[PDB]
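Working notes for the structure below.
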Amino acid sequence: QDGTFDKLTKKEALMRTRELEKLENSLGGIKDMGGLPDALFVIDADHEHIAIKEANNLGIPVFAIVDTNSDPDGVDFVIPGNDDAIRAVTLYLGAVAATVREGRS
Amino acid sequence: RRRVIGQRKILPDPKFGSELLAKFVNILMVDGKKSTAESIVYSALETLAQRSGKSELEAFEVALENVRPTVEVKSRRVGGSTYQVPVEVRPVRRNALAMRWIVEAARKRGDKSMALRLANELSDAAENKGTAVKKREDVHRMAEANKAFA
Amino acid sequence: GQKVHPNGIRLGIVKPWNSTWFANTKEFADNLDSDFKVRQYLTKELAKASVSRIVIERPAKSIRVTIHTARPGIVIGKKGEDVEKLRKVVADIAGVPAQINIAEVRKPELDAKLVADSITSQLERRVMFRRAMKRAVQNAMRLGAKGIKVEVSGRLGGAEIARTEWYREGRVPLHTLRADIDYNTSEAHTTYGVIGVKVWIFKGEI
RNA sequence: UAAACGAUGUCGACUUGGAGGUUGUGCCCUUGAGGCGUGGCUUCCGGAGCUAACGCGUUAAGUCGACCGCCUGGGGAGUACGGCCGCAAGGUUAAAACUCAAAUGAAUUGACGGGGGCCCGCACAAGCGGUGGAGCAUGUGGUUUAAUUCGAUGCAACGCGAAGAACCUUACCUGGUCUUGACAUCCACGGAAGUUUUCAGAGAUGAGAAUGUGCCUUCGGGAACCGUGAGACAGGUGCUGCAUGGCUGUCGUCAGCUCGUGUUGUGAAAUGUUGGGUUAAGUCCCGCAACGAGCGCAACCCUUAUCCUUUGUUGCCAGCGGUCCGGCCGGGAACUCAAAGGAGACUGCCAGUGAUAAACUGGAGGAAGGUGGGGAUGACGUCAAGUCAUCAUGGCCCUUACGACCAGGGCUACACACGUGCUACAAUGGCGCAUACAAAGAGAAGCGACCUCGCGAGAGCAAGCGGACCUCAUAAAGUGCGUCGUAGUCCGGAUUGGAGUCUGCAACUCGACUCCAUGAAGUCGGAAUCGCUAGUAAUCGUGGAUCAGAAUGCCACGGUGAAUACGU
RNA sequence: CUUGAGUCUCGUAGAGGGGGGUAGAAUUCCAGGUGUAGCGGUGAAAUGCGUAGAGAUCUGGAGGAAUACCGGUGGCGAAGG
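Chains as they are written, first to last, in my numbering: chain A, 273 to 377; chain B, 5 to 154; chain C, 217 to 422.
Here's what the structure looks like:
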């Protein structure tokens, strides 16, 4: 925002804005805090076996909702759920949200 | 190769208002001479009417049908081996080669001047001779007879 | 040779000058020659000044040449002698009643000539080419110069091997026009051939 | 006997799955093909587990058990000998001497191919224009010479260095001449010098003579120079880029380089950076164990494609006074032109292809559609590349000298070959006539206005200007006018000698220019070959720098102006 | 003792062997007819075959050897096969 104001150019800075807005579109969730989250609540296993493969290699509790196609040897608190049927995943995440919004008691 | 270029857009004839005639002077340009061609080819084309004795705006093609090409050699060394492989003429060459078939024998014919030497060969095609004519006589030989390798 | 000098190709930006002035044809050439006489006999005689640059401005028949130097106390001479005597030097070696000026160089770590002077000052110190080379690199980094790739000329070691020293550190975007890279080199007449050094300080932008 | 091989001894037990194949069979409406099961044999994936590894992986190379055969570094050697067998060929059993320190296996990153597919580029293709044909100018190779100096002389030299060679230049040869010079710093000596004349010499220099003799001069005698002598001397384009710096060319405006972190692997390492499209790209997006970053491409520069802010003098003259009709003066700076700042094209949008994405396309807007158009910008690297003859530069030299001054010549000499360019070979041209036709530049030691002649060269005269104020400098091809109708030609211009103009003392060698005669080869150039992507080719001229002078070379500007590019 | 191993009842598949015949195409050869100057061969070539009748064609006849198609990552066998 400050660079496009007066620094060197108008149009090139605008190009950088319209491009790196895509960069900020990436990384949308993690963007607030210093990193190293307490735990993890991935919504599948096969699609992101790399995610669990990193969190267990680092020692973070994976709160997965395994499909039945998946490979539950890596997960931490496996949940024999169904990952498709978006209705279902919405229900799961709604319950999790209800829990976490006042887990502070 | 993979990319293509469109045909350059051309304004019509500055004198007859026909783009096809305007393109014609553009091929004969050697030494950058259209103003000389004004006294050479434009002086030639002006005489082409009365010598023909008819309107040279659409009767201008009454000597060009035989000139219509059909094939030319395309050097496809496919896989590293040069072949005959004559591809059928596409519109961006079958008309360009028609103009390429005109002044091959009209520079130093030993006459008054090529201001009107070219004004000798044109009616010859609708008088059944001239340079553009025998061009199609040799094309028929290279194709339509070598089916075992064409 | 494919490495054009980056400063002059960026001279169209705030990149400074060292002889900027005006003339007609009847007196460009002699005035240019007068500028070299002051340009050369103010460097050989001024080895210890650690001069960054001497800049020539010629307003009217009495010029205001300024000198970019490292230590303010050392360039004074014996308290104004070099101010006068070199003005005496220029009063005839340039042919005008000139006026000398002296400019300091704050943080001489920030000048590509002065650092290249510093390494060259210690190249002839009979030291090995690697340890001393990298040691100075971070010194600027602790004091800025957000990027420098450091180069030392050929003839390293007792052998025919005359190689280069690429050794990039930081950001030196040469092809980027908005780079304002600080470049000057230095060379040392060694007991065996020619040993030089090339350094590209990156002084931020604009 | 076999590469008799699944290079896996037989037998048994246990141990996640998937997809096939072939052959039985049980149940199910087999309705049927089959569904649900069950057998056997069988091919291919694959985590556990095992393996050095590849790989095996319920048909194990897994986890165990029972027996049997074999191995113990490579060669010698499956060989000698003995035996047994075989008609014989020969099989089997099976060593040793001696020799070496390895021989091996899996795989990794280079990779060379007379693997392969792909994809890029006037690479090829399709045309154009060419060179090579001639004749002229230069350069390279050779010959001669005193030298015809040196370097480069496969792609990447040969109109190169060397931006302008009569002497000079020029580093070469000869001749004459000086040898602390002719270069420069430091010594001795005295005094300024400078200049004006001589004599000889070609000058070099030598013999000079004088006018001289400025200033500090706690008055040397310096500051200076003059002229000579001893020395530290310098000095030499004198040897080494295959000692160098720097610089330059080379792939190559190449997209490829990588690095950190992360992951995989016992590890060499891989990944990223690959694949699906996409593009100028390591381009974008898609996924991808890669995520970031850096060098690269790209833009950030300049010019150019529109208009606007600010401005009109010389320049434009819209409008006003006449026109001092050219816009001259005023005068507007409307405004051509001009410049201090900007904006405008940015996939921006309609629509679509296309995974929606990216990308791409059709369309629209606006002067400007997908880096608008051009240059500046050459990554890692790359080659003993070249450069010590530009300079600097280690080492090698000699210093009355492989240092030097001066005078002739020679770098252009020829016996030829080549490199480059130009000129033609004409009537797309020539003649002269009328005609309108630009831009960029340069310059008070200059162009030189103008004025006279020279057929011209240029000369005699000369404004002006410090250059939006003066010249070069008019454009040129071009068109209409007659013209020859291809004439070895009014082509072409060599060519020669004559006549002359200027440049510079002086220009045969080795100035230019003009006039005259000169009218040659060559009438479009083979083997062939190369260049060419829009204002392109093609051209037409214009000037500039380099210039005492002496461009077909080179820089810069305009005038006119097409096709080729489907294609890997 | 019955689970290891084997016998019997019963069918299923198979280039599993051994011995017999048998068919047709195909090369070759021989005889016949027609008529003819080349045939073959390779990167070009001669040796070769041939003017007599070769090649080519159809008509037959002899012989020997293997079994196109199905056919398969199929099947069988202790291996060879």
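Backbone N, C-alpha and C fix where the C-beta goes; we use that ideal spot for every residue, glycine too.
I need the straight-line Cα distance from residue i to residue j, nearest angstrom please.
i: C/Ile411; j: C/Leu390; result: 24 angstroms
i: A/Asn341; j: A/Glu320; result: 13 angstroms
i: A/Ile324; j: A/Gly346; result: 7 angstroms
i: B/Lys116; j: B/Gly134; result: 17 angstroms
i: C/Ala404; j: C/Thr336; result: 6 angstroms
i: A/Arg359; j: A/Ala311; result: 24 angstroms
i: B/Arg145; j: B/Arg98; result: 17 angstroms
i: B/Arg111; j: C/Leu227; result: 57 angstroms
i: C/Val321; j: C/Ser266; result: 10 angstroms
i: C/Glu261; j: C/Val388; result: 34 angstroms
i: B/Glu141; j: B/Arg104; result: 15 angstroms
i: A/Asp278; j: A/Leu286; result: 12 angstroms
i: C/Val291; j: C/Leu258; result: 12 angstroms
i: C/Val305; j: C/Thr407; result: 33 angstroms
i: C/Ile272; j: A/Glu296; result: 50 angstroms
i: A/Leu299; j: A/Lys283; result: 26 angstroms
i: B/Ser39; j: B/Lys19; result: 14 angstroms
i: C/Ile397; j: A/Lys294; result: 31 angstroms
i: C/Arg274; j: C/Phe238; result: 7 angstroms
Among the options, which has the Cα closest to the Cα of residue i?
i: C/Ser268; options: C/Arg287, C/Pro275, C/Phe345; result: C/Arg287
i: C/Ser402; options: C/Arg255, C/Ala263, C/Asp251, C/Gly217; result: C/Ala263
i: C/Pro324; options: C/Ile309, C/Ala310, C/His284, C/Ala307; result: C/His284
i: A/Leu330; options: A/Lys279, A/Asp274, A/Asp318, A/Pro309; result: A/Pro309
i: C/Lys231; options: C/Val368, C/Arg394, C/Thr406; result: C/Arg394
i: B/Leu101; options: B/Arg113, B/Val29, B/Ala154, B/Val71; result: B/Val71
i: B/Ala67; options: B/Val29, B/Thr74, B/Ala136; result: B/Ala136
i: C/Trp382; options: C/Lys350, C/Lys294, C/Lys329, C/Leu330; result: C/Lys350
i: C/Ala375; options: C/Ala352, C/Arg384, C/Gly409, C/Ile364; result: C/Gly409
i: B/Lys27; options: B/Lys13, B/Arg81, B/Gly114, B/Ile44; result: B/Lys13
i: B/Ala119; options: B/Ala130, B/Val93, B/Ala48, B/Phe153; result: B/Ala48
i: C/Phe252; options: C/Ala310, C/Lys414, C/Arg303; result: C/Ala310
i: B/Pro16; options: B/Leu24, B/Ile9, B/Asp35; result: B/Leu24
i: B/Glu76; options: B/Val143, B/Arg6, B/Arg113, B/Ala154; result: B/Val143
i: B/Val91; options: B/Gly114, B/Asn30, B/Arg5, B/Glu148; result: B/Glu148
Mind checking which residues open and close the alpha helix (DSSP H) that includes residue i?
i: C/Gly224; result: 222 to 225
i: B/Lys138; result: Unbroken run through B/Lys138: none, as it is neither H nor E.
i: residue 196 of chain C; result: Coverage of chain C is limited to positions 217 through 422, which leaves residue 196 of chain C absent and any answer about it impossible.
i: C/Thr236; result: Here C/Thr236 belongs to no alpha helix (DSSP H); instead the beta strand (DSSP E) covers 235 to 237.
i: A/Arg290; result: 283 to 297
Which residue comes first and which comes last in the beta strand (DSSP E) that contains residue i?
i: C/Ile397; result: 397 to 405
i: C/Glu385; result: Note, C/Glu385: premise wrong, no beta strand (DSSP E); not H, not E.
i: C/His284; result: 282 to 285
i: A/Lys279; result: Per DSSP, A/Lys279 belongs to no beta strand (DSSP E) and is neither H nor E.
With respect to 7 angstroms, is the separation between the Cβ of residue i and the closest non-hydrogen atom of the ligand GTP below this value?
i: C/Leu393; result: Absence of the ligand GTP from the depicted structure is noted, as is the absence of any ligand whatsoever, leaving it without description.
**Request:** With a floor of 3 residues, list each beta strand (DSSP E) that falls wholly inside the segment 324 to 383 of chain C, ordered by position along the chain.
**Result:** 366 to 368
**Asked** Touch check for the segment 415 to 422 of chain C and the segment 242 to 249 of chain C: three-plus C-beta pairs under 8 angstroms?
**Response** no
**Prompt:** Between the segment 289 to 301 of chain C and the segment 351 to 359 of chain C, do three or more beta carbon pairs fall short of 8 angstroms?
**Reply:** no
**Prompt:** Hey, which unbroken runs of the alpha helix (DSSP H) at 4 residues or more fall wholly within the segment 40 to 76 of chain B?
**Reply:** 46 to 56
**Prompt:** Do the segment 343 to 352 of chain C and the segment 304 to 317 of chain C make contact, defined as three or more Cβ pairs closer than 8 angstroms?
**Reply:** With a cut-off of 8 angstroms, the segment 304 to 317 of chain C and the segment 343 to 352 of chain C do not count as touching, because too few Cβ pairs lie within range.
**Message:** With three or more C-beta pairs closer than 8 angstroms as the rule, is the segment 42 to 58 of chain B touching the segment 80 to 95 of chain B?
**Reply:** no
**Entirely enclosed alpha helix (DSSP H) segments - the segment 304 to 372 of chain A, minimum 4 residues** = 321 to 330, 358 to 372
**Request:** Please list the segments of the beta strand (DSSP E) lying wholly inside the segment 234 to 314 of chain C, counting only runs of 3 or more residues, in order along the chain.
**Result:** 235 to 237, 267 to 274, 282 to 285
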